[PDB]
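Read-outs: derived from the displayed coordinates by stated rules, not from any lab. Cβ: placed from backbone, ideal geometry, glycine included. Neighbour counts: every protein chain shown.
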2 protein chains.
Amino acid sequence: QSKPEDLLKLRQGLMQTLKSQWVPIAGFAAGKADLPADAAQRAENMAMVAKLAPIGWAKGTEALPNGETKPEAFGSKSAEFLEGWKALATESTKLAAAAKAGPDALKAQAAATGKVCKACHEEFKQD
Amino acid sequence: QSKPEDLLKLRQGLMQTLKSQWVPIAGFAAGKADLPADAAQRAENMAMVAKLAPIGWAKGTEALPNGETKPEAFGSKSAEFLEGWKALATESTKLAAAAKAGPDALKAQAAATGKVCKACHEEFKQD
Ligand code: HEC
Ligand code: HEC
């Protein structure tokens, strides 16, 4: 089963776990916060979320009530959608390594990782 | 930071992603559904949720409204609670190996995995 509302919760829930892990790093990179001491662990977490994310968009979740994803995600642009997920896993793994190298390599790699959230939202997020 | 409704969506949506992968396999072990063709992939996904789980119970979410976890999870029995996530993660990894081995192996390791959901629930979850 799984009520539609449970399915939207799983999808936004994975997105919220992504944001919790990311924000500390986006903020340091923007000169708005101190260097998260657990940066490498957050970016590893970000890449595990990346790998699971396609479950929140599985068959039957094409038109949940209150969903915010464009239908092209499930159809004509389904492969490019999947491809954004893979890109986030790869940049997040690179972000892990750059956290262990030092604050400046983390800042350069956070810029490349944020682009991926922004690109996919521009193309596929309704709001 | 973070609004508590977003914090709870985090926590609860991780658990919905856990249930969505566990269900078909528990259903099989029970004799109520056929064997999932992707049982192995489901199980590795469960192990990744389990690694990520502790985020949903981070410091600062001890008293989210609408929260369903006993105060002991955050303090007095905090070690025991994080230990359960650990156990889930190794059981779900073993479930993935069993899936590859055959039905009889998956049924038996499924019984084993499900006990960890049960024990955690009996101690730390509210009715
Ligand atoms: C597509 C490949 C995405 C990538 C990469 C990122 N996100 Fe995104 N996110 C995506 C969509 C289609 C949606 C809409 C979901 C729906 O409701 O139907 C979202 C939503 C979010 C949210 C909102 C969750 C909520 O509570 O409603 C946030 C906080 C979010 N996304 C964050 C985020 C960040 C930080 C990313 C980069 C690390 C990122 N997402 C990548 C699609 C995609
Ligand atoms: C502790 C170490 C846990 C293990 C292992 C598992 N669960 Fe659990 N679960 C836990 C708590 C403390 C809670 C309540 C969270 C709160 O404060 O709201 C839950 C909740 C769930 C839910 C409901 C989610 C929702 O929409 O409200 C489900 C569907 C759930 N848990 C499933 C589940 C399964 C299938 C597990 C084994 C594979 C499992 N949980 C393990 C604590 C823990």
Selected from A:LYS107, A:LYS51, A:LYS59 as most flexible by GNM, with chain A as the system and alpha-carbon contacts under 10 Å
A:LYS59
For helix B:103-124, report the angle its Cα long axis makes with the longest principal axis of the Cα atoms of chain B; keep it between 0 and 90° and round to the nearest 10°.
20
Dipole magnitude (debye, nearest 20) for segment B:1-52, charges at Cβ of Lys, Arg, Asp, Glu:
180
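Can you give the relative contact order of chain B as a percent, counting alpha carbon pairs under 8 Å and 6+ residues apart?
Reported as a whole number, the value is 31 percent.
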Taking the label point 7 Å from Cα in the Cβ direction, how far apart in nm is B:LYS94 from each other copy of itself, listed shortest first?
3.9
When each copy gets a label point 7 Å from Cα toward the beta-carbon at B:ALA26, what are the spacings between them in nm, shortest first?
3.4
Looking at the axis that maps chain A onto chain B, which chain A residue has the closest Cβ, and how far off is it in Å, rounded to a whole number?
A:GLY13, 0
Connecting every pair of Cα atoms under 10 Å apart in chain B and solving the GNM, the largest mean-square fluctuation among B:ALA43, B:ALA98, B:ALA111 falls on B:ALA111
Using the number of other C-beta atoms within 10 angstrom as an exposure proxy, rank A:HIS121, B:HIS121 with the fewest first.
B:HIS121, A:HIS121
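I want the local charge near B:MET48. Using Cβ-Cβ distances under 12 Å, sum +1 for each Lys or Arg and -1 for each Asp or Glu among the other residues.
Cβ neighbours under 12 Å give a net charge of +1.
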Report the residue, chosen from A:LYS19, A:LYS32, A:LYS115, that carries the largest GNM mean-square fluctuation when chain A is represented by alpha-carbon nodes joined by springs under 10 Å.
A:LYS32
Ranked on Cβ counts within 10 Å of their own Cβ, fewest leading, A:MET15, B:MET46 go A:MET15, B:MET46
Expected integer from the mean partner chain Cβ neighbour count at 10 Å over B:37-48 is 1
Helix B:39-52: angle to the longest alpha-carbon principal axis of chain B, degrees 0 to 90, nearest 10?
20
In nm to one decimal, list the spacings between the B:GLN126 label point and its equivalents in the other copies, with label points set 7 Å along Cα to Cβ, shortest first.
3.2
